[PDB]
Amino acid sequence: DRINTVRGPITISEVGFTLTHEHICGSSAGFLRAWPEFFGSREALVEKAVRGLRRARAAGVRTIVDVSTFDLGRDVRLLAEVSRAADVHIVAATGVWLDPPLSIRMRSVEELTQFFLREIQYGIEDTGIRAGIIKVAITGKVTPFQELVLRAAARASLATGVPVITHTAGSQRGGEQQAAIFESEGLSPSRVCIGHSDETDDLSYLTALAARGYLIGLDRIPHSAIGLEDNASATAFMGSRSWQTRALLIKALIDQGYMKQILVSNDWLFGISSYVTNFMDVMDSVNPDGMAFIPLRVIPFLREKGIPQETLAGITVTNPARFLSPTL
């Protein structure tokens, strides 16, 4: 019914303009607590995230989905502190990303299902903060362990109504292999977002998934290493396609009649330790607008290309609310 946030449950009407694929910090389990000075200090990270989220709020953002899992270093007390000080809703996540420690990757599908249910139904750690989404990541061809994760995600979603968001690393696609596993578990496509789908220009691929009822996450819009060709780490992380090319996939799916299947986001963050040192400075140099990039740059761009305001409000308000509202 209602949606669980790091400040507690909110009604669908309170969700508002939502960014569906974000993070406060991209890290590893326990790392922010063990080496906060990697980020300058915990206090500096909080300050930067609060300033950044307040800017996004000024630009109209009301809710973000922090898809950070246990193994991406999710620190729900950090999310709570930042959500409260920025006065922006944050939905927390369960699931498994691409760096599970042994205590996770040795677990069975039944064990993973119980872990996800604990975080959704009881709370994360000892905080009582409950997850409102399940995040899964796969590599190219689904590994045996990643199939266990996808199946446990489907089983937790069916038990709680909470949605699933995915992405594929190092491959421009992946959604068709994921969708096959999800449907083999009886999961409705309307509970699944195929994330980072703006990494490809394969419109046939995107349209076919949308036509099955999947949500299409065009959610890395500002990521572009154009101009940073001499930084190989930036190219591998952000790609060589312009943000306008990513944004025009939004227009293309609208033009095909699938406005209701689109979710949009920046895939931003305010600190990152899981990649090369000081990569946050590289991303900040490419997109000083941070999480405000979507409302400030992409929305007017799509308006200039003729998309009605009503259609954009449906994509940024109505679709995420339908997605996040628990449904089974």
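If you superpose the two forms and keep the largest set of C-alpha atoms that fall within 1.5 Å, you have the rigid core. Note that residue numbering begins at 1 and tracks the sequence as displayed.
Put simply, when the other structures in 5 other deposited structures of this protein are lined up on the rigid core, the C-alpha atoms of 162-170 lie farther off than those of the other stretch, from 162-170 and 114-122. Here 217-225 and 133-141 are scored by the root mean square distance of their C-alpha atoms in 5 other deposited structures of this protein, with each structure fitted by the rigid core; the higher score goes to 217-225. Of the other entries compared for this protein that flank it with modelled residues, all give atoms for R155, so not even a third lack it. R241 is a gap in at least a third of the other entries compared, counting only those with both neighbours built. For the pair 129-137 and 195-203, the record assigns the higher mean C-alpha temperature factor to 195-203. In this entry, the higher average B-factor at the C-alpha atoms falls on 182-190, of the pair 182-190 and 94-102. Among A59, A44, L32, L269, the highest C-alpha B-factor in the deposited entry belongs to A59.
The top Cα temperature factor in the record, among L72, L248, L112, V162, falls on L248. Ranked by Cα temperature factor within the chain, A321 sits in the highest third according to the deposited record.
When all modelled residues of the chain are sorted by CA temperature factor, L148 is found within the lowest third.
Ranked by C-alpha B-factor against the other modelled residues of its chain, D284 falls in the middle third. Among the modelled residues of the chain, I24 sits in the lowest third by CA temperature factor in this PDB entry. Compared with the other modelled residues of the chain, the Cα B-factor recorded for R173 ranks in the highest third.
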